[PDB]
Protein chains: 2
Amino acid sequence: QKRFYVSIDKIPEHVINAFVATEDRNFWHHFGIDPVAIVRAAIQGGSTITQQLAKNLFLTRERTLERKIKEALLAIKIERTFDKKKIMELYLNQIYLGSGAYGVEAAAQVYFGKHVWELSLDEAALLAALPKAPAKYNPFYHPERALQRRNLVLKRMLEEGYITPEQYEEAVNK
Amino acid sequence: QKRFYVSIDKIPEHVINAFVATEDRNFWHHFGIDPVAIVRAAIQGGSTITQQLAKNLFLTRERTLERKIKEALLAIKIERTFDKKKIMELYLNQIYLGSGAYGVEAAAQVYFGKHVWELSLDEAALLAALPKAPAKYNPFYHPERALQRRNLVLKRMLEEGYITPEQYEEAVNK
Ligand SMILES: CC(=O)N[C@H]1[C@H](O[C@H]2[C@H](O)[C@@H](NC(C)=O)[C@H](O[C@H]3[C@@H](OP(=O)(O)OC[C@@H](OC/C=C(/C)CCC=C(C)C)C(=O)O)O[C@H](C(N)=O)[C@@](C)(O)[C@@H]3OC(N)=O)O[C@@H]2CO[C@@H]2O[C@H](CO)[C@@H](O)[C@H](O)[C@H]2O)O[C@H](C)[C@@H](O[C@@H]2O[C@H](C(N)=O)[C@H](O)[C@H](O)[C@H]2O)[C@@H]1O
Ligand SMILES: CC(=O)N[C@H]1[C@H](O[C@H]2[C@H](O)[C@@H](NC(C)=O)[C@H](O[C@H]3[C@@H](OP(=O)(O)OC[C@@H](OC/C=C(/C)CCC=C(C)C)C(=O)O)O[C@H](C(N)=O)[C@@](C)(O)[C@@H]3OC(N)=O)O[C@@H]2CO[C@@H]2O[C@H](CO)[C@@H](O)[C@H](O)[C@H]2O)O[C@H](C)[C@@H](O[C@@H]2O[C@H](C(N)=O)[C@H](O)[C@H](O)[C@H]2O)[C@@H]1O
């Protein structure tokens with residue numbers, strides 16, 4: 001699994017943008033933790049990309065308040081150590097996307113039989129829909145809600161200004 | 001400080017080899033933790049490069065048995081997530097090397113006024129001597145033991161087969 005790394009410079013804007021719009025809209029500006037996100041979400045998760053990266057660096061996967069804090073501290077240090085593009089790179093190569101695919105390149109091959117850099121806008125959006133719950137939104141056997149969440153990602157991209165109305169209309173119909 | 005990243009492919013073999021020979025000779029083969037190293041060292045530290053990377057990912061810097069273990073668990077997971085060349089890359093860009101220099105490129109500029117890829121064998125060895133204690137072996141004000149430890153690094157490189165006898169003799173005299 002730990003074989004399929006791809007540098008950020010070879011990952012299309014649509015893929016990077018789809019993940020940002022869906023999981024952490026303020027990714028490029030916060031310091032590893034986002035209060036405005038937590039509050040507005042306290043009303044929907046509030047964890048940043050950095051926090052997810054940190055969470056997946058642990059060996060055992062428990063969800064106690066105790067380690068949520070440890071994950072937040074780790075996230076802040078990482079943010080102090082590596083830049084945004086690097087954190088995004090590590091994250092996009094480690095993320096479990098279902099069907100035994102860890103990372104965007106492996107996911108691209110498993111779900112579309114191609115390299116991440118050959119992905120279309122609608123294909124990029126499908127990958128960004130999986131992190132929430134890979135097995136729950138897996139196209140290979142829950143194509144109904146996979147398509148629904150994909151269109152929801154495209155909607156988030158449209159709202160954030162990452163794609164045009166024209167592009168949106170074409171993608172949701174693919 | 002978090003501004004001066006350089007990909008592994010632009011870091012000279014001598015630099016990578018100098019760090020491996022000095023800090024973790026079996027780096028390329030272990031799984032994040034090295035028993036043979038710990039035992040043989042129990043007789044000299046026994047922590048791997050991966051463990052040092054993990055140690056520096058924490059925010060606060062305490063040295064209790066409690067977190068040494070947490071660092072070992074983190075190291076094992078990292079090893080499962082990213083490959084050797086990537087772990088080496090992250091490590092060589094994060095390592096504090098004294099005089100406010102974090103990473104090999106920043107160190108190269110501060111100590112030699114040049115890019116890491118323009119470093120000679122004797123210059124690479126000096127950087128590998130700092131991690132043990134940057135302020136204790138700093139050339140800028142403890143050139144005596146900096147030179148001593150540099151020559152000790154070159155000796156380790158010679159022993160590991162990373163440099164030739166000819167190269168060794170030339171470097172220790174620089
Ligand atoms: C169902 C599914 O899709 N599972 C796969 C999983 O998919 C993960 C998926 O990998 C994981 N994503 C990342 C990036 O880590 C995802 O996280 C979500 C999940 O996170 P999590 O459960 O860790 O709780 C975190 C929460 O702290 C909460 C704690 C607090 C103390 C609150 C904090 C307080 C505040 C005020 C903030 C928080 O504040 O965010 O919920 C968040 C939330 N509610 O806000 C979330 C929506 O923001 C979050 O999404 C992201 N992107 O971070 O959760 C899903 C599944 O959650 C499942 O929820 C079920 C009931 O709700 C539980 O029973 C499950 O145990 C739990 O896993 O990814 C794993 C890597 C897979 O593991 C593999 O499974 C394979 C297989 N069979 O498919 C093989 O067995 C293989 O060997 C094995 O390694 C799993 O099979
Ligand atoms: C003296 C010096 O050079 N200090 C700078 C430091 O330099 C670090 C340096 O950054 C650090 N290297 C890395 C990669 O993290 C270095 O680690 C060594 C050190 O590690 P550590 O103290 O964390 O103990 C780890 C130990 O767990 C031990 C625990 C157990 C429970 C045992 C486990 C049991 C087993 C059976 C294994 C183990 O098993 O390895 O000793 C190891 C050992 N004895 O085996 C070692 C030789 O293997 C190890 O070397 C490496 N490469 O991992 O230690 C030196 C200094 O150690 C100092 O030792 C003194 C007395 O011996 C203590 O009083 C000091 O507190 C301690 O730091 O790096 C920091 C980043 C600098 O911080 C900056 O300072 C600046 C400044 N003023 O210069 C500014 O203030 C700035 O704002 C601030 O951020 C520091 O200024």
# chains A, B, ... in the order shown; residues from 1 in each chain; ligands from 1
call {"tool": "interface_residues", "arguments": {"of": "chain A", "to": "chain B", "cutoff": "9 Å", "atoms": "only C-alpha atoms", "output": "list in words"}}
result
residues 1, 2, 3, 5, 56, 57, 58, 59, 60, 70, 73, 74, 75, 76, 77, 78, 79, 80, 81, 82, 83, 90, 93, 94 and 102 of chain A
call {"tool": "write_last_selection", "arguments": {"atoms": "N, CA, C and O atoms", "output": "tab-separated table (two decimals), in the first residue's frame"}}
result
chain	number	residue	atom	x	y	z
A	1	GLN	N	0.87	-1.21	0.00
A	1	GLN	CA	0.00	0.00	0.00
A	1	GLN	C	0.88	1.24	0.00
A	1	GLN	O	0.59	2.24	-0.66
A	2	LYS	N	1.97	1.15	0.75
A	2	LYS	CA	2.94	2.22	0.90
A	2	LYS	C	3.81	2.33	-0.36
A	2	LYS	O	5.00	2.63	-0.29
A	3	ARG	N	3.18	2.09	-1.51
A	3	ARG	CA	3.86	2.16	-2.80
A	3	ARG	C	2.94	2.77	-3.85
A	3	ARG	O	2.12	2.06	-4.45
A	5	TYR	N	3.41	6.88	-4.36
A	5	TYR	CA	3.51	8.28	-3.97
A	5	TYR	C	3.59	9.18	-5.20
A	5	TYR	O	4.18	8.81	-6.20
A	56	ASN	N	-4.15	9.97	11.57
A	56	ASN	CA	-3.75	8.75	10.88
A	56	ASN	C	-2.27	8.41	11.07
A	56	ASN	O	-1.77	7.46	10.46
A	57	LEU	N	-1.57	9.17	11.90
A	57	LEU	CA	-0.16	8.91	12.17
A	57	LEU	C	-0.03	7.99	13.38
A	57	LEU	O	1.04	7.44	13.64
A	58	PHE	N	-1.12	7.85	14.13
A	58	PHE	CA	-1.15	6.99	15.30
A	58	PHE	C	-1.31	5.55	14.83
A	58	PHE	O	-1.85	5.29	13.75
A	59	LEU	N	-0.83	4.61	15.64
A	59	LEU	CA	-0.90	3.19	15.30
A	59	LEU	C	-2.28	2.63	15.59
A	59	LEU	O	-2.93	2.07	14.70
A	60	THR	N	-2.74	2.77	16.83
A	60	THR	CA	-4.06	2.29	17.23
A	60	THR	C	-5.06	3.40	16.94
A	60	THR	O	-4.73	4.58	17.05
A	70	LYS	N	-4.25	15.27	21.72
A	70	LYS	CA	-2.90	14.89	21.30
A	70	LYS	C	-2.77	15.09	19.78
A	70	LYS	O	-1.70	15.44	19.28
A	73	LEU	N	-2.33	18.86	19.06
A	73	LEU	CA	-1.00	19.36	19.40
A	73	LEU	C	-0.02	18.98	18.31
A	73	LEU	O	0.83	19.79	17.88
A	74	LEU	N	-0.15	17.74	17.84
A	74	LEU	CA	0.68	17.22	16.77
A	74	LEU	C	0.43	18.06	15.52
A	74	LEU	O	1.37	18.45	14.82
A	75	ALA	N	-0.84	18.36	15.24
A	75	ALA	CA	-1.18	19.16	14.06
A	75	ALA	C	-0.50	20.52	14.08
A	75	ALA	O	0.02	20.97	13.06
A	76	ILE	N	-0.52	21.18	15.24
A	76	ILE	CA	0.10	22.50	15.37
A	76	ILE	C	1.60	22.45	15.13
A	76	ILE	O	2.16	23.33	14.48
A	77	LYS	N	2.27	21.42	15.65
A	77	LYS	CA	3.71	21.28	15.46
A	77	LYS	C	4.03	21.03	13.99
A	77	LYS	O	4.96	21.62	13.43
A	78	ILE	N	3.27	20.13	13.36
A	78	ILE	CA	3.48	19.83	11.95
A	78	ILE	C	3.40	21.13	11.15
A	78	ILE	O	4.25	21.41	10.30
A	79	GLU	N	2.36	21.92	11.43
A	79	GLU	CA	2.13	23.19	10.76
A	79	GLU	C	3.32	24.13	10.93
A	79	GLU	O	3.60	24.93	10.05
A	80	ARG	N	4.00	24.02	12.07
A	80	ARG	CA	5.17	24.86	12.32
A	80	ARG	C	6.39	24.33	11.58
A	80	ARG	O	7.30	25.09	11.25
A	81	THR	N	6.39	23.03	11.31
A	81	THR	CA	7.52	22.37	10.65
A	81	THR	C	7.52	22.32	9.12
A	81	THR	O	8.56	22.57	8.49
A	82	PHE	N	6.38	21.99	8.54
A	82	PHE	CA	6.28	21.89	7.08
A	82	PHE	C	5.28	22.88	6.52
A	82	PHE	O	4.35	23.30	7.22
A	83	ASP	N	5.45	23.27	5.26
A	83	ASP	CA	4.54	24.24	4.66
A	83	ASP	C	3.23	23.60	4.18
A	83	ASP	O	3.08	22.38	4.17
A	90	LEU	N	1.47	15.11	1.72
A	90	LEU	CA	1.51	13.96	2.62
A	90	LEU	C	0.10	13.41	2.84
A	90	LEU	O	-0.13	12.18	2.85
A	93	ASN	N	-1.52	11.48	-0.13
A	93	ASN	CA	-0.84	10.22	-0.44
A	93	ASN	C	-1.11	9.14	0.62
A	93	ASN	O	-0.91	7.95	0.38
A	94	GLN	N	-1.56	9.58	1.79
A	94	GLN	CA	-1.84	8.69	2.91
A	94	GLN	C	-3.31	8.33	3.13
A	94	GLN	O	-3.62	7.26	3.63
A	102	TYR	N	-4.85	3.46	-0.72
A	102	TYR	CA	-4.35	4.51	0.17
A	102	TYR	C	-3.66	5.54	-0.71
A	102	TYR	O	-2.69	5.22	-1.36
call {"tool": "select_by_dssp", "arguments": {"residues": "chain A", "states": "helix (DSSP H, G or I)", "output": "NGL selection string"}}
result
:A and (8-10 or 13-23 or 35-42 or 49-55 or 65-81 or 84-94 or 104-112 or 116-118 or 121-128 or 143-160 or 165-172)
call {"tool": "residues_near_ligand", "arguments": {"ligand": "ligand 1", "cutoff": "8 Å", "atoms": "only C-alpha atoms and all ligand atoms", "output": "number ranges by chain"}}
result
A: 23, 38, 42, 44-49, 51-53, 55-56, 61-68, 95-100, 131-137
call {"tool": "write_last_selection", "arguments": {"atoms": "C-alpha atoms", "output": "PDB file, in the first residue's frame"}}
result
ATOM      1  CA  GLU A  23     -12.848  18.731   4.135  1.00  0.00           C
ATOM      2  CA  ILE A  38     -15.236  24.343  15.244  1.00  0.00           C
ATOM      3  CA  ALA A  42     -20.645  23.096  16.816  1.00  0.00           C
ATOM      4  CA  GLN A  44     -20.770  18.589  10.309  1.00  0.00           C
ATOM      5  CA  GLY A  45     -17.226  17.972  11.524  1.00  0.00           C
ATOM      6  CA  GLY A  46     -14.748  20.680  12.458  1.00  0.00           C
ATOM      7  CA  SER A  47     -11.383  18.972  12.051  1.00  0.00           C
ATOM      8  CA  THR A  48      -8.800  20.335   9.615  1.00  0.00           C
ATOM      9  CA  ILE A  49      -6.825  18.386   6.994  1.00  0.00           C
ATOM     10  CA  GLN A  51      -5.737  17.122  12.092  1.00  0.00           C
ATOM     11  CA  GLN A  52      -6.731  14.178   9.875  1.00  0.00           C
ATOM     12  CA  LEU A  53      -3.137  13.683   8.812  1.00  0.00           C
ATOM     13  CA  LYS A  55      -4.940  11.317  13.427  1.00  0.00           C
ATOM     14  CA  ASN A  56      -3.752   8.751  10.885  1.00  0.00           C
ATOM     15  CA  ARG A  61      -7.296   4.026  16.257  1.00  0.00           C
ATOM     16  CA  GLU A  62      -9.167   5.058  19.412  1.00  0.00           C
ATOM     17  CA  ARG A  63     -11.441   8.110  19.602  1.00  0.00           C
ATOM     18  CA  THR A  64     -11.192   9.443  23.146  1.00  0.00           C
ATOM     19  CA  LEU A  65     -11.129  13.135  24.063  1.00  0.00           C
ATOM     20  CA  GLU A  66      -7.669  12.403  25.398  1.00  0.00           C
ATOM     21  CA  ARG A  67      -6.155  11.731  21.984  1.00  0.00           C
ATOM     22  CA  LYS A  68      -8.241  14.222  20.043  1.00  0.00           C
ATOM     23  CA  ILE A  95      -5.651   9.059   2.938  1.00  0.00           C
ATOM     24  CA  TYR A  96      -7.560   5.762   2.874  1.00  0.00           C
ATOM     25  CA  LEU A  97     -10.073   5.960   0.028  1.00  0.00           C
ATOM     26  CA  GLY A  98     -11.582   2.487   0.183  1.00  0.00           C
ATOM     27  CA  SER A  99     -11.137  -0.716  -1.828  1.00  0.00           C
ATOM     28  CA  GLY A 100      -7.649  -1.053  -0.416  1.00  0.00           C
ATOM     29  CA  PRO A 131     -12.760  10.314   3.284  1.00  0.00           C
ATOM     30  CA  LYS A 132     -15.965  10.866   5.298  1.00  0.00           C
ATOM     31  CA  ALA A 133     -16.618   7.111   5.129  1.00  0.00           C
ATOM     32  CA  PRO A 134     -15.007   5.070   2.290  1.00  0.00           C
ATOM     33  CA  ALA A 135     -17.167   1.959   2.780  1.00  0.00           C
ATOM     34  CA  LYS A 136     -20.370   3.977   3.145  1.00  0.00           C
ATOM     35  CA  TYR A 137     -19.841   5.991  -0.048  1.00  0.00           C
TER      36      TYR A 137
END
call {"tool": "closest_residue", "arguments": {"among": "B:43, B:106, B:36, B:18", "to": "residue 122 of chain B", "atoms": "only C-alpha atoms"}}
result
B:18
call {"tool": "atom_distance", "arguments": {"atom1": "atom CA of residue 34 of chain B", "atom2": "atom 6 (C, counted along the ligand's line) of ligand 2"}}
result
23.1 Å
call {"tool": "decode", "arguments": {"residues": "segment 46-93 of chain B", "atoms": "N, CA and C atoms", "output": "compact mmCIF listing (two decimals), in the first residue's frame"}}
result
# COMPACT_ATOMS: atom_id res chain seq x y z
N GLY B 46 20.47 4.51 20.68
CA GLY B 46 19.95 3.42 19.88
C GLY B 46 18.71 3.77 19.07
N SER B 47 18.37 5.05 19.04
CA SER B 47 17.20 5.51 18.31
C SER B 47 17.46 5.63 16.82
N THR B 48 16.45 5.31 16.02
CA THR B 48 16.55 5.38 14.57
C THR B 48 16.22 6.79 14.07
N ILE B 49 16.44 7.02 12.78
CA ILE B 49 16.14 8.32 12.17
C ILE B 49 14.64 8.54 12.33
N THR B 50 13.88 7.49 12.01
CA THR B 50 12.42 7.54 12.10
C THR B 50 11.95 7.97 13.48
N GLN B 51 12.64 7.49 14.51
CA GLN B 51 12.30 7.84 15.89
C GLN B 51 12.59 9.31 16.18
N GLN B 52 13.66 9.84 15.58
CA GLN B 52 14.02 11.24 15.78
C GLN B 52 13.00 12.12 15.07
N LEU B 53 12.57 11.70 13.89
CA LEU B 53 11.57 12.47 13.17
C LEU B 53 10.33 12.54 14.05
N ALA B 54 9.89 11.38 14.53
CA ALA B 54 8.70 11.30 15.39
C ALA B 54 8.84 12.16 16.64
N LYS B 55 10.02 12.10 17.27
CA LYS B 55 10.27 12.86 18.49
C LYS B 55 10.09 14.37 18.28
N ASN B 56 10.50 14.85 17.11
CA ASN B 56 10.41 16.27 16.80
C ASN B 56 9.04 16.68 16.25
N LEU B 57 8.09 15.76 16.22
CA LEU B 57 6.74 16.06 15.74
C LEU B 57 5.87 16.51 16.91
N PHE B 58 6.35 16.26 18.13
CA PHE B 58 5.64 16.65 19.34
C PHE B 58 5.86 18.14 19.57
N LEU B 59 4.92 18.78 20.25
CA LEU B 59 5.01 20.21 20.52
C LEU B 59 5.94 20.49 21.70
N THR B 60 5.65 19.87 22.84
CA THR B 60 6.47 20.04 24.04
C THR B 60 7.58 19.00 23.98
N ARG B 61 8.76 19.34 24.51
CA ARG B 61 9.88 18.41 24.47
C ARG B 61 10.28 17.81 25.82
N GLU B 62 9.51 16.82 26.28
CA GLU B 62 9.80 16.14 27.54
C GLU B 62 10.47 14.81 27.19
N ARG B 63 11.23 14.25 28.13
CA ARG B 63 11.92 12.99 27.87
C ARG B 63 11.61 11.89 28.87
N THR B 64 10.32 11.59 29.04
CA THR B 64 9.91 10.54 29.95
C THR B 64 9.82 9.21 29.20
N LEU B 65 9.84 8.11 29.94
CA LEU B 65 9.75 6.79 29.33
C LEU B 65 8.40 6.71 28.64
N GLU B 66 7.42 7.38 29.23
CA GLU B 66 6.07 7.38 28.70
C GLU B 66 6.03 7.82 27.23
N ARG B 67 6.67 8.94 26.89
CA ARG B 67 6.62 9.36 25.51
C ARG B 67 7.66 8.72 24.60
N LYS B 68 8.72 8.15 25.16
CA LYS B 68 9.69 7.49 24.31
C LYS B 68 8.91 6.38 23.59
N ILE B 69 7.99 5.75 24.32
CA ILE B 69 7.16 4.69 23.77
C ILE B 69 6.20 5.23 22.72
N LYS B 70 5.58 6.37 23.02
CA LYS B 70 4.65 7.01 22.09
C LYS B 70 5.39 7.37 20.80
N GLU B 71 6.67 7.71 20.93
CA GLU B 71 7.47 8.06 19.77
C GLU B 71 7.76 6.83 18.93
N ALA B 72 7.96 5.70 19.61
CA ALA B 72 8.25 4.44 18.93
C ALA B 72 7.03 3.93 18.15
N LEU B 73 5.84 4.17 18.70
CA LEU B 73 4.60 3.72 18.05
C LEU B 73 4.35 4.57 16.81
N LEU B 74 4.58 5.86 16.97
CA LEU B 74 4.43 6.82 15.88
C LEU B 74 5.41 6.44 14.77
N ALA B 75 6.65 6.12 15.15
CA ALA B 75 7.66 5.75 14.17
C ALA B 75 7.25 4.55 13.33
N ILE B 76 6.69 3.53 13.99
CA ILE B 76 6.25 2.33 13.30
C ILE B 76 5.13 2.62 12.30
N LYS B 77 4.18 3.47 12.69
CA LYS B 77 3.08 3.82 11.80
C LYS B 77 3.60 4.61 10.60
N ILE B 78 4.47 5.57 10.85
CA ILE B 78 5.04 6.37 9.77
C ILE B 78 5.69 5.43 8.75
N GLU B 79 6.48 4.49 9.26
CA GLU B 79 7.17 3.51 8.44
C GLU B 79 6.20 2.71 7.59
N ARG B 80 5.00 2.48 8.11
CA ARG B 80 3.98 1.74 7.37
C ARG B 80 3.32 2.63 6.32
N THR B 81 3.33 3.94 6.57
CA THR B 81 2.68 4.90 5.68
C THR B 81 3.51 5.48 4.53
N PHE B 82 4.75 5.86 4.83
CA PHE B 82 5.62 6.46 3.82
C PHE B 82 6.87 5.62 3.60
N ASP B 83 7.46 5.71 2.41
CA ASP B 83 8.64 4.93 2.11
C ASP B 83 9.93 5.54 2.69
N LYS B 84 11.01 4.79 2.61
CA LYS B 84 12.30 5.21 3.14
C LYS B 84 12.83 6.56 2.63
N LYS B 85 12.81 6.75 1.32
CA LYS B 85 13.29 8.00 0.73
C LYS B 85 12.48 9.21 1.17
N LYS B 86 11.20 9.01 1.46
CA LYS B 86 10.32 10.10 1.89
C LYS B 86 10.58 10.46 3.35
N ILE B 87 10.76 9.44 4.18
CA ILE B 87 11.05 9.63 5.60
C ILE B 87 12.40 10.35 5.72
N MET B 88 13.36 9.96 4.89
CA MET B 88 14.69 10.58 4.89
C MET B 88 14.57 12.04 4.48
N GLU B 89 13.67 12.31 3.54
CA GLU B 89 13.47 13.67 3.04
C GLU B 89 12.89 14.57 4.12
N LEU B 90 11.81 14.11 4.75
CA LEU B 90 11.17 14.87 5.81
C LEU B 90 12.15 15.16 6.95
N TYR B 91 12.92 14.14 7.31
CA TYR B 91 13.90 14.23 8.37
C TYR B 91 14.99 15.27 8.06
N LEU B 92 15.58 15.18 6.87
CA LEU B 92 16.65 16.10 6.46
C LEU B 92 16.22 17.55 6.24
N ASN B 93 14.91 17.81 6.25
CA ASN B 93 14.38 19.17 6.09
C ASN B 93 13.90 19.77 7.42
